[PDB]
Structure formats: structure tokens, C-alpha cells
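Protein chains in written order, with the deposited numbering: chain IF, 1 to 427; chain JF, 1 to 426; chain CW, 282 to 339; chain JE, 1 to 37, 47 to 439; chain IG, 1 to 439; chain N, 3 to 71, 77 to 123, 126 to 151.
We put the CB at the ideal spot given by N, CA and C, even for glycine.
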Ligand SMILES: Nc1nc2c(ncn2[C@@H]2O[C@H](COP(=O)(O)OP(=O)(O)OP(=O)(O)O)[C@@H](O)[C@H]2O)c(=O)[nH]1
Ligand SMILES: Nc1nc2c(ncn2[C@@H]2O[C@H](COP(=O)(O)OP(=O)(O)OP(=O)(O)O)[C@@H](O)[C@H]2O)c(=O)[nH]1
Ligand SMILES: Nc1nc2c(ncn2[C@@H]2O[C@H](COP(=O)(O)OP(=O)(O)O)[C@@H](O)[C@H]2O)c(=O)[nH]1
Ligand SMILES: Nc1nc2c(ncn2[C@@H]2O[C@H](COP(=O)(O)OP(=O)(O)O)[C@@H](O)[C@H]2O)c(=O)[nH]1
Ligand SMILES: [Mg+2]
Ligand SMILES: [Mg+2]
């Protein structure tokens, strides 16, 4: 009933959304031709949250696909789960951005932004009641980092009631696969901080660390990287789609998660990751899942929570467990690690229990974390922005599309203030 | 016993009458073949009201089906109860009316009225005693609106003391079916004020509202609305067929209902209406029938008697009940809200109790109500009529058929007299 | 009929056994049930009528 | 028995009637041979050997387009005498198709129509297929609809013409014959369903995702419109609409009889099953101005009357609940002297598919016809195009040498000036 | 003749009702579909089902309850579960979206569109009951729907029925464990509106039943389903006298007459004596003398508060099964001789008793042994004032730096009700301070 | 108390006949019959039969029969009893407190949010359909 609308922009968002519509169609029992083929009747009950109807019982996703260059959409249309998408939901242009925030926000996303508004209004007003907008993109790109922010600005101007859900792939510290990322990422995170309700930061180095030691994988490809965050991003919205002893929708994971509207950058994780050669050497119980929750090796962001604090924390349990074991696990973790939690909020862990485990497990969970140690992600970006600004490194590629230097200066003025407020609540 | 002659005019009248005779044949235990397969002797003791008797123990229709199109005769003959009807009672022309009241009354309804009159005269002369005539039709058409009034005029000319009835599907408030619908409705009401002793107004938006909220079914066809209409079509002739403690025919209800011969427009309703998934939970009592009996979302005309006031109220009751409780309920509903009943007459509710309920229902109740809030229908109809008439729109499809322009105006004057005359009793 | 819980889902999941289209080409609940739905007013549509009158019981 | 007989005049007439009768044979059990392996007798006639001949008359002045029908697989279906051919063309000249060449073909066409009506015990309509910008469809069709009014009288004659497109035109002298075929028929017709080729080109470009359509590709959709305008004649439904319905219920004045056709669900088979084609979305599909068969914006003008016909999964409650949704948007407009506005026609039979057609297999179809004051711009454009070339007598000498005179141009120009004044007068509230 | 109507609000309310109405259907001979077995035909005189069930026409018994929740995610489990043909379709009222732990949404914006529907349904259900004499409210203090919508419900029920008694059963927050970060806000705000608009407020705590399950039973790691059955048992014992014959029948208005001394004191404690497994009760010859004694022990209480540091004011015993009054009087007399149990000076006797002639029942599954007698004591004590002494400490910490307030001020709520709910709580905890002073 | 807010002649149809039957059930079980659903017919207070009750020779029969101002305590229960108090407390809002039961048939299709490819048509998700929506061209101006 509480429908969502999925948006994905750019190459990274397109691949991530493709993997998401693999896993969540496998979960609900959707054949790649668009027909339900499962076992239980509990999967068809709440299928409208991510899907629509059609003529003859077909299930098409409520996903809107957009990029400036069609080099990625035609690859994901001919893939495994490519024929269930609406053929009109693909909207694109001739000439792509090419790792520039300026064109995809001012001169090339500015004439394609009305297209996604057209499609999102058509998909939005046909549903009963909406409870969120899901966006997956990247901050280092040009058609995801620039056009995604313009899309959120144009959508939040129309529906201030609803909730914005963003999955931004923040760049990793030791890795740079786009040189001009300190400009695009800064200009993207300036626009995100005033329009989105909850931002999930994903670092690719943390994903490589997961497949390095946590999963014992020799050939970690980009599909293996996409599936790891797709499991979490499908585990956030579990309680809407399945019955539970303690439900939590997008608004519950927003009211109980942000104490201030400018502090909404999160830091996700996912417990039950072990090698297939190290599975039965440890029992599957609540203490193991809650230990490997808070461990430093099992979150998708490259920031370490030891030098920070934890304002509030959510964790959606999923499967068949008890309740007071969860309460012991999420009270003792605050009791011993009290030096790494804020003291002016009495409890910080918000818990939710669903009763349907994923396909192939016994019990799983999902981490949602607001930490003041996420300010280390923006210290590096501010340092790299200041390093590329005194010499005006790639600046002439940005003025040529209707920009100016005071926009860069006010983006920096937003970033140092956000970092300063996180540091003031760190103590 | 007094037997009732049924008449169907037009596509709407024929489709309503098919479902009506379906539910009558189930209530009397008559199969689609036409024989008898019931369980009680009460079903056969007064079956002569609606059914003529044939050889072989089968029962043959007292009903006439009229339309200008042969395409609707095949539709009712091939229906689920289509083989029961007499082959000589199908009177039909070759070319249609065209939703034109002019050729429905003057040009093309004239050569066909002799055959229908021959059928009615041939079959109503077999009566021992005859009460009157029923007609189902629609005012927003060309067959049931045009010839549905010429027929009423001619039977009024022949038998003046009989009880002419009318269950007319009146035009809709919000979305219409024809653009010349106000013309036909205004020209048909003008022939319905001097030629009918009683007339029931049925509106399709009311039935849509019933099927949406009360019945709670999401894909209703025209058969369901026809079933809802025919639940109260049979609900007013129960005492002519089944015995009871307090009988009431149509003539007695007409006498107790209308105080002057120019207010014979009613608002029907049916009590035990609920969804199928919540039907076995309702505890059918006389107060529970009374509770949604007088509720004005349980009306079949798209007006609101809460807006105006009740000149009179009828209530025909079926099933096992105490005589004290029906008078208790119909005195409480009078006494509590005294602003909705006219005060120049002591009581307004007519009491009638039968004790043979519908099949599978423990109790039931039927509504006939005359109110001054029915003037809003004619007000809107005349407003649309005078908006469409000052521009002479769609007029040459009427005047070119041998019809003068002032006949519109005298009908408008008659309807305006009806509108302003209903205001005197508010 | 009712597998996803959207708008009026209680009623027809309680009424599939009365409005089951058998099988045909197209085959909606429009050309089926054109001449009337099933069990609109009474869920027990074949109980025999009562032969009890007032004087034959008192 | 609710028969009607079709007359196909000209190249557009026969190339539309081929698609129309192919569709008619498809949704009945009629093989192209004529044999079989609800209400049938409206368009076909039985014989002694089980053959079902149609009741249409094909008329053209050149034999290059009917002889192709005479040698195809439908050779034994149509009557040999019901396909009429001349020796030489009208040569894009109204005078040739009206006075010199069309003067002695009407004696055969009238005989064939009278032979058709003598086997027609329930005749209630005529359908004339022609084009406004031709020589046979402009001249000979005008003669036919002049003479049928005298011969048959008060029978309903509704013709399905092709207006010349506002921007494109395959011919050049088209605004002469298009002007002259209107003045000579305005008192000799009942209702004129009208389509443009250019709007159907746009629809087949953007609704169907096909490029480079052929005339048969347009004729499939055009014949699918006509199959939904006579659907209630042939198939039982909850709300039947006969052929004599349209003139009483669509035109308010006996001078203005020009509605616009529209077919709502038009979508390729590859995109049909990814949408929700409910009643609320298909009745709205008839109202955005991209989906009309005549390239004119109804946003300028105001609607006079409308007639919606439905097929398949109808369920008449949400037809009402979706027509009532039109009243709440202020972009739509209506005249103040037609407060009701709409007509509802409902038929049970779902539309059928053709082998090789670009349309899908759907369960709901709307064919909506509406006369609008916004058609006055089409007549204004034709007005300006006539006086742009008549001001110096461009192609006049062709017409005056073929049994005509100079006064017929000016008389037709004055007639359409009066028609334009009428259309301007109607669009005033009070 | 003694009808009662219960209202379940929120997910906690409907999940309590799920395990409570199965117990109700098992007290009488009501099948899970709502019918009688037609093999155990009851006498036409007794009407023990008429308190909780309403007899329809043919044979069906439809309960007198309202399951109302702003979400559809939990009450759709009710009508797809194993009791779907028992409840009325219109007694399951559901909204479209939740409040999400927000008092503002459920009390001003998202709870105001469906308050009319639930009011109309409660009125339609009350038009069939004759001797309406009570209301049972099942909701949660720490939720959004159960704290906001329920507060609106019993703010609007008083203007409709007036002086009718309103007993409520709410889930108070626990000191150590909890569920959400914002439930101090939703728990202080409900203290302002249900204090003066309710007559007796039984409160339970979700962690105090956990230690009961760990220590009295041997049920290790219990779910909520093993906790809601205790609530069903206590609520059935309270209304046991209304439908079963007994030596001392105690009507509903007799509870409040000697359970509340003062108008602002309606917050008693709750306990249940023979909470014991089959294995432990098989080896235990207990008696009346220490099912009476076990309910006075601190570890058996369902609210985390010791009665050792708090004066008792008005106790009310209810007894089931084979109980003669003499050993009850002896056990009470042995209570009076205990020194470590203290009583207030102005209460000479302070004991209310009631004997019932029906033993407590058992459910399929479950863990409670079938015991002959049971004690349900509703102790009005002063030691519950220290339960508020933690929640007010839970509030001012977040109130100092305005955390989570911006989720409240946007949805039709002004700031000025935190500053009066806290002062209402301060006056309420001073009221309990006054009554404990020797004079 | 006007939160439903219909036309104010609505909200006043009272329409509760099951309430006066469910409180007459209270005195089935009771032996003292005090409140019934038929009110007593006292011709003094009645506004109908006053013609006989204001003429001559009436006051000599009124004072001596102890009737000058079918039961006396029944009037006290009729106008002070808990049944009548419950009946009056539920009758302040005549119709229901909800929008569904105060509705007749004039609020059937009222909200009716209209929904509409593009807005007036012209799909341009393909950039060949956006640079031009027609290979022929567009006319007028909107
Ligand atoms: N949509 C559509 N339009 C057609 C079709 N065939 C012809 N037309 C149009 O109709 C007109 C035909 O005019 P002509 O080529 O002169 O043929 P005619 O109407 O028979 O006139 P003559 O050639 O003189 O006999 C052309 O302008 C076309 O635009 C068709 O199959 N589909
Ligand atoms: N004892 C008991 N407590 C429960 C049960 N279900 C929920 N709770 C308690 O209820 C509290 C919050 O639940 P809700 O009342 O649903 O909170 P909410 O904000 O209304 O959540 P929504 O109903 O989704 O809006 C939790 O802290 C639980 O401790 C139950 O079945 N038994
Ligand atoms: N995890 C993951 N990251 C991706 C994927 N594709 C691209 N990226 C990230 O996207 C960022 C660069 O974005 P870019 O390709 O320029 O986006 P574009 O503007 O659409 O081309 C890099 O930091 C990559 O890590 C993918 O499939 N998986
Ligand atoms: N309630 C109901 N109305 C019907 C039925 N059939 C037709 N109508 C109504 O009849 C009106 C049109 O009647 P019409 O076709 O003009 O009858 P005609 O005179 O024979 O042409 C429409 O508004 C329909 O709502 C039916 O079976 N039930
Ligand atoms: Mg030619
Ligand atoms: Mg909940």
C-alpha cells in the first residue's frame, strides 16, 4: 500500500538498479518474462510496493531509468532481467555528460530533467499513496551526480510531504577512477544536504575489503560488488513488504534516526557474510549477528567509527528469532561500548523484527547507522577540493556551461559548516 | 386476487423486465422451461396474478415486450429465462427511434401502437378481475420515452379506473447518456402527470452508489442494478400473492400515499442490503431493517429527502415480525425528527406486514416514499431544458417530424407548475 | 482475484467461489455475469420458502 | 435484421474498404472464399450454396485499383456486378467527375444500389467512403449523395471522408475540389466523420513505434474505426447504438455535421502488456490532442456533442466514473447550451487482430466521435488556400471546359464563408 | 446483561487482542470460526457469552471489539490468520499510513481522518449492548498510533458517553531495554490527556514479564506471543465476575470505588500468582496461603518497581476456582502480621476480595499449567511514583538540546505542549508524594 | 460539534430505532417495568386533545381525582432514567459522526482527481521525439 518509486541515474545507478531488480524479483518470485512463479502466498500480498499490475497479471517494476548517454541502458535491457522493465521508462539523450557536474545540471540535464518529471508524475499519481522516492547514483560521475541532484531538487519542490531515499556511492580514499571527483562530489553533496531525508553512503574500497577478507573471494567483480549493497538496500524496506512482530517503514527509520534535519548521512552494513568454506564453523544465532553487525570489517563505508560517536542506530532484524535476546544484544552493546555512544540520548539502537528470512538463509539483519565519524568522509573531499581550487585545476570545464566561482565558494561554505556541526555534536 | 399486466418498452425496459421476471419466477418456483418445481403450496395458490395457466402444468406470460428494434428481441429471447415468454407477445418494428421522442411518439410509434393495443386487448379480456398495468421504461430515450407514454395514454383512454404504474429510469444528475435527454425527459414527464396513478423514479447513479458502498462489489454489471430495482418491483405486490396479517395492494398504497393527483413521484428502497462477505454476520431484526430503511443513501432516486420533507411514507414488510414492533419503529422514526414530516396531517407512515419472506431471507422490507425533495430532479431537468431551448438546439430533429414548437413550451409550463407546486408543502 | 491487498480485497477473496470465470478466450466478469451476479441479496439462494402463516401456527 | 450498405467511391474508398471488409470477414467466421467452417445479417447476405456475399458497392473511374481486387483471394467473395469501373480517370478534376464522365455512370450505380435495397428488409443506413481532394471522391460521390436524397429520402446517410491535411497534400488542385465538394453536399448529408492522413502519420510514428508506414498501414486503423462504429449493429451489448443514432445525437444544426474521429488504445504488441489499460486511462486517451485523427487542436474551440463507443471489458459503472472525471479539468471545454454533452455506447465484443497488423490484442477499445468549434480553423485554412489561388484564376480553365461555369467557384466560396460565420456564431456563450 | 466493549489501538493493541480473544473464545465453547460445536448444546438460561460475544440470528457469535490501527500491516494478518471468520469485516478499521512514532501525526493529522469512522463503529456496536458498563483500552504508550490516536479516542469518547468507566491497559516503557529512541516524547505526551480522561489505568511493562518468564516459567528466550497470553489471563480474571457465578461477585463499578482513593490516583500495579510450568507445579504443593504470598513478592510484579520502598494504599484480590473464604481470610491475616510489608496510616483494612466458581483455562500450546485457583491482585501503591522518576529523567536529557522536536512541530503541533506535559508529570508525582506522608 | 460539516439541515435525521429497542430489553429481565419504548399519552401535556380539556366541568373532576398539576414513576423514569439519558447523549449528532453516513447521493463523485505519455500527449522520451514531435511540423501556439 505504501508504494515506492525507484529512480536511477547514470552508469553506476543503472548497474546497481539492475542488480537490485535481479535480487528483489528473485525474492518475490518474478520470472524474467514478468510472471509470478513462487511457492508461498505471502510474496504476492505486498508486491505493489515495488511493482505494478498489467493486463493478464504481468508485474512491471515502478522504476524510472535515466541517463544522458544510452551506453548503459541498452546493456541492461538485454541482460537477465531486462525485459520486465517498462520500455517507455527508459529516457535518454544523444550526448552524455562525461564526468562533469556542470552539463548534467545546467545544459544537458536541464533539458532532460522535465522528461523524468513527466515519467515520475505519471507513475506517482497512478498509485494509491506514495511513501518514498528511491535514488541510486554516484557522486563521482557527471550524469548521476549532477542530474540526480537536479532531479531531487525538482521533485522535492513538488512533493514536500514524501520521503527521499538516496544511495550515493561516495568515492573511496585510496582509489580515484575519476580525477575531477572533488568538484562533482562537492557540488552533488551540496544539493543533497538540503533536499534528501536519508543518504546511504557506499564506498567501493569497503566492498573490496568485504570480498577480500570477509567473503574469501578470489575474483571480486562488479556484480559481486553490486549484490553486496543490493542485499542491504533491499533489506532496509523489508517491514513494508512482509508481516512482522515490529514493523518499521521509511518514516519510522527516519523519525527514529535523525535528531536534526542536517544530520542525515548514514552508514550501512549487512551481517551474515562468511565464506562457503567457513560456514558451519560458527552457529547462526543472535549474538553472532549482533557481533558481526558492529564489527569494523562489515560496513560499506570507508570510515571507522572508533574516532567518532553514534547518535542513533537502526537495525532491522529479519527472520524467526526471539525478542528479549535482541534486547539483551542491543543493550549490552551500549553498556560495554558506552564510550562510543552519545550520552544525552538514552538509548540509540532502534530495533525492528520481520518474520520472513531471505531466500536461502535462516536469519539476517541490516545496519543503518548515523555516526559523527562520517565527517571524515567530507574532510578528505574538502581537502582535495581546496587543493584543486588554488591552481584552478579543471575549473574552465565548469565555467563554460553557465557557472561562476561563488557557487564553488558556497559549496565549500556548506561543507565546512556541516563538518563543524558534526564536530560540535561529537563532544 | 387481482392480476397485473406487465409492459416493457425499449431496451432499458426490456432488460429490466427480463431480470424482474427472472426473480419473480424464482420466488414462485418456476424453472426456465416454465413448469413448477417449488416446495410449498403457497407458491401455487395465487400464481394467477402474474402467470397465465397453460396445458401441461406450465405457466405462460402475462407480459408484453415492445421496442422499435428487432435486435433487442433476440437479446431477451436468448436470455437465461428467455424461452418462457410467449411468441405472440413480441411486438417489434424494423427501424429504430434514434433517441428521438418525436418519432417515438408521432411518426414511428403510431403504426406500432395498434399491434400492442391488439395484444393488450386480446390478453386482458381473459381476466376475471384486473387491477392495473405495470410499465418499465426510461425517459431519456426514444422508445420507452416516446412510445412508453403514448401507450399509457391509450390504456388510460380504454380502461380509466385501473391502476397504471411506472418504474421509470429517470435521467442522471452528473453524467448523461444522451444530449437530447432533457428534451425527452421534459416531454415525457408532461405526459406522466395526467395519466399515471403512481410513478417510481429510478436513477442509475443511486444504484451505482448502492453497489459501491453497501454491496461492496467492485465490478457490477447492469444485471445487478436490475436485480436491485426488481427487488422492490416485487416488494410492492407481495400482499396480492402471499397472505399476511395486514394486506396492502397497489390501490390501497396509492390511496394512503398521494393527497392530490399531481404528486405521484416516489423514491423506492430496499432494506436488507449488505455485502456478501459480511452477510452472515448481520442479525436481521425489524429495528435493523428500520435503521437503513429510512437512510437516504439507500434510495434509488438521486435526490435527498433529508433536504426536503416527507409528505408520506410507505413500508411493506415481509416475514415473521411482531405487530407492536413495526408500529414502535414507525412511530419512533416519526416522533424523533419532527422537522422532516409535514404537520397538516397527523401520521404519514403506512403499515403493511406480510409473513412470507423472500427465499433464504428471514425478513425484508420495501420502501415507497413521497417527498418534496423530489422537486430538485425536475428543477435540474427544466434548467437544462431551457438552456438547450433558447438556442433552438437539436430542434429540427423534432419539428421536422410533424410537431409544433409550442408543444415544448406547454410541457415546460406543466413541469414548472409541478416544481412550484411542490414548494407549497415545504 | 484477490492476491495483492490494494482496494476491496477482503470481499472477493471471500467471494471467489461465487464469481469464478470457468475458462474461455477473453473471459472477464462482464460477458460472464452480464445477466446478473450470484448471491447478491441472499447467500443461501435455494432454501425453500416458509410455509408458516400466522393462523397456521397460532 | 439491421442491414446497412456501404458505398466506396474512389481510390481512397476502395483502399479503405479492402481493409474494412478484411476486418469484417475476420471478426465473423467468413473465409475470404465466402464460406464458413451475433447479429450477422447486417453486413452479409446468405445464398443457396452457403456463400455469404457482402452488401458493399465499389466505384471508381479507373480500373487499375479494382482489378487488383478482382484477381486476389477475395475474388469469389464480392459480387461481380458490385465492383464498378470506368474506362478513364477523372484526372483530379471536379468538373470531370461531376458533369462529363460521372453523368452516365450514375445510371448503373443507382441500379446496383436499388438491387441491394430490394433484398434489404431492414435497411437503416448508408455509408459513403470517399476523399475530398480527388476527382471521383469529390465529383462522383457528390453526385451520389445529391441523388440518393431524392431517390431514398429520409434514410440516414453518414459519410467517412478524408479531409486534405493542413500541411501536406499529395495533389495541388486539392483546395478546388475540396471546396466544391462541400458546398454541393452541405444540404445533402447527415453526418461527416472526418480523418486526416497527417494525424494518422503522427500517431503511427509516436503511438505505434513504427517508421515509414504504408497506405495499408493507415487503412488498417481507419477500417478499425469503422468496425467500432457499426459494432453495435452486429453484436449484442448493454447499450446498443444504431446508425440512425448519430445524426439525432451528435449534430445540433442541419448545416454543421462534421465531427472528428478518435481511437483510444493504439499501441504496439511489444508495449501493450507493460501498461495498465483500465477504463480510467483509455477514456482519457481520447482527449489529449495528440491522439485525434484530424490535426486540429480542440484547445482553441469548445465541444458541442460527443459520442463514445466501447468494446470488450466494459462494466458500465466505471464508464460513468471515468466520464465524470473529464468534468473536473478546466482544460476541457464545453458549450453552455449543451450541459449534458456525452453519449455512452457499450458493446460486449472485444476487438480482433489482423495477421500482419501493428496493433495488439486488447480487451478494451474506445471509438469517440465529437463535433467541435475548433474545426473552424480547418475551414479557415482551406478558405485562405482557396482565395490564394482563385485570386488570379490559377487552374480555372480546366474546370470551365468540362461542362461547368465560372459562378460555381464564387458560389462555393460564399457558401463556406456563410459556414464559417455559422461556426463563429455557435461558439458564443451568451 | 453485563456487556463490555474493548478497544485495541495500535500494533501492540491488536497483537494483545490476538492472544486475548483466543482465550475468550476458549472460556466459552466458541470455535475459531465463531460457531458453537452443536454437540455441546448449552442451556437456554445461562448467558455467559453475552458479556463478550453478541448472539446473531442463526448460530454465530460476533465479538464486541474494535481492532483499529493506522497501518494495514498487522490487522491484515488478523483477517488472513486463523480467526478470519470470527471478527466482523467492519470491526477491523485500518488507515493507510502510520504515524511512525510521532505523537503529532497520530493526534493532529493522520489520526483525525479515521477517528470519525471508529467513533461511528463503536456507536453502532454500542447500539446492540444493553447494560454497557465498561471500556477496555489496549494500546501502547511508546508508540505513535497507540499514543496519539488512542489519546484522541478517549478524548472523544468522554464527550459521547460521559461518566462511563474507562479502564486502560497500556505498555509502559522499560528502564533498561526499549525499542525506539523517541518513545520518551510519546510517553510524556500521553500523560497529559489520559490522566484526567480515564478512570483506572492499569499499566504493564514488557521487561518485567521477561523476568517472570525466565524465573517462574522455564520458557527461555520468549517471543511476544508468550507475553500477550499473560495479559489475556489477567484481563480475563478482572472480568471473570461479570460472566461466571461466584461467592462474592464484584461488579465493574465496585473495582473503582475502593481502588481509587483520590481522583488523580488511578495507577495501580498488577500481578498473577500461579504463573508456573507443568514440571514445577507437579512437584510443588503450594496453597492459597502462598499464592496469596507470591503476589506480594517484588519479583512477581509486572511493572519494574519495588513495593518494599512504597506504601500500599488499596489492594483488591480476585480468586478463581475452588476457593473457600476461610483460608483466604487466614492468608490475608498472615499478610497483616508481616513487618516488611507497609501500609498507609489512613487505610484501616485496605483489602477487597472476590471469589469465583470457575478455574482458569488453558490454551493449545502455551506453557501455563492448568491450576485450580488463581490470584489477580490490583495493588494501588505509592511505589509506582518512582516509575515516573525514570521517564522524566528520560525526557529532559533530549529536551535540553531540542532533539527530534522538528519532527513534531511540522505536523500540526506547537512546541508549547512538551513544557506543559512535563509540568503535568511533575504535579502527578507530587500528588503521590502527598499521600505517603504520615499525619 | 460540526466537524463533519454538511449542509446544516443534514446531521439531524436522528435515525436510531435499534437503540429504543435495545434499551427496552433492559426491562425484560427486570421485574419493575419503568422505561418502555411507547411513551405515555397524557392528554394534558398532549397538544391534540385540548378541546375537551379546556372546556367547562373539567376542573371539578381534575382536583378530586388527584390529577390536577397509566403510571407516575414511569414518567420519572421516562424523563430522568439512564435509558433516556443514554438515548439523548447519542442524539446530539442526528446523523452519524462520519462523512459516509451523513452522505446521501450528492457526494458520490466529488473529489475525482483527474489523471493524464505526456500531459497533452506528445511523448518525447526518445530524443528524436523531443527535438521534433512531428516530422511534418506543428501548428498554432500552446
Ligand atoms: N489514409 C488514406 N488516404 C488515402 C488512401 N488512398 C488515397 N488516399 C487519399 O485520397 C486521395 C486520393 O485522390 P486521387 O489520387 O485523386 O484518387 P481519387 O480520390 O479516386 O480521385 P481520382 O484519381 O481522380 O479518381 C489522395 O489525396 C490521398 O491523400 C488510403 O488508402 N489511405
Ligand atoms: N507486550 C507486548 N508489547 C508489544 C507488542 N507489540 C508491540 N509491543 C510494544 O509496543 C511498542 C511500540 O509498538 P507500537 O504501539 O506499534 O508503536 P507504533 O509507533 O504505534 O508503531 P505503528 O503501529 O507501526 O505505528 C514496542 O516498544 C513494543 O514493546 C505485543 O504484542 N506485546
Ligand atoms: N559499486 C559499483 N560502482 C560503480 C559501478 N559503476 C560505476 N561505479 C562507480 O561510479 C563512479 C564513477 O561514476 P561514473 O561512471 O562516471 O558515472 P556516470 O556519470 O554515469 O558515467 C566510480 O566511483 C565507480 O566506483 C558499479 O557497477 N558498481
Ligand atoms: N438500470 C438500468 N438502466 C438501463 C438498463 N438498460 C439501459 N438502461 C438505461 O437506459 C438509458 C438509455 O435507454 P435507451 O437505450 O435510450 O432506451 P431506448 O428508448 O430503447 O433507446 C441509459 O441511460 C441506461 O442507463 C438496465 O438494464 N438497467
Ligand atoms: Mg483515381
Ligand atoms: Mg504498527
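Whose C-alpha, out of the options, is nearest the C-alpha of residue i?
i                       : options                           : result
residue 427 of chain JE : JE:389, JE:413 and JE:168         : JE:389
residue 249 of chain IG : IG:299, IG:318 and IG:303         : IG:318
residue 4 of chain JF   : JF:119, JF:327, JF:216 and JF:129 : JF:129
Which residues in chain IG have a C-beta closer than 8 Å to the C-beta of residue i? List them in chain order.
i                       : result
residue 21 of chain N   : 127
residue 291 of chain CW : 79 and 89
Does DSSP put residue i in a helix, in a strand, or in coil?
i                       : result
residue 373 of chain JE : strand
residue 153 of chain JF : helix
residue 171 of chain JE : strand
residue 28 of chain N   : helix
residue 370 of chain JF : strand
residue 201 of chain IF : strand
Residues of chain JE with CB under 8 Å from residue i, in chain order?
i                      : result
residue 58 of chain IF : 282 and 283
Mind pulling the chain JF residues with CB within less than 8 Å of residue i?
i                      : result
residue 48 of chain JE : 71 and 74
Using a cut-off of 9 Å between C-beta atoms, extract the partners of residue i located in chain JE.
i                     : result
residue 29 of chain N : The contacting residues do not exist; residue 29 of chain N stays about 47 Å from chain JE at best.
Can you list the residues of chain N that residue i reaches, using a CB-CB cut of under 9 Å?
i                     : result
residue 3 of chain IF : What residue 3 of chain IF touches in chain N: nothing, since even the nearest Cβ is about 15 Å away.
Name the chain IF residues whose beta carbon is nearer than 8 Å to that of residue i?
i                       : result
residue 284 of chain CW : 41, 44 and 45
If the cut is a Cβ gap below 7 Å, which residues of chain N does residue i touch?
i                       : result
residue 123 of chain IG : 97
When the Cβ atoms of the stretch 35–46 of chain JF are set against those of the stretch 10–17 of chain JF, are three or more pairs found closer than 8 Å? no
Let me know the alpha helix (DSSP H) ranges lying completely inside the stretch 99–144 of chain JE, each 4 residues or longer, listed in chain order. 115–127
Any chance you could list the beta strand (DSSP E) runs of at least 3 consecutive residues sitting entirely within the stretch 225–300 of chain IF, in chain order? 244–246
What are the uninterrupted segments assigned as alpha helix (DSSP H) that are 4 or more residues long and contained completely in the stretch 38–112 of chain IG, given in chain order? 75–79
Which runs of the alpha helix (DSSP H), 4 residues or longer, sit entirely within the stretch 305–360 of chain IG? 325–336
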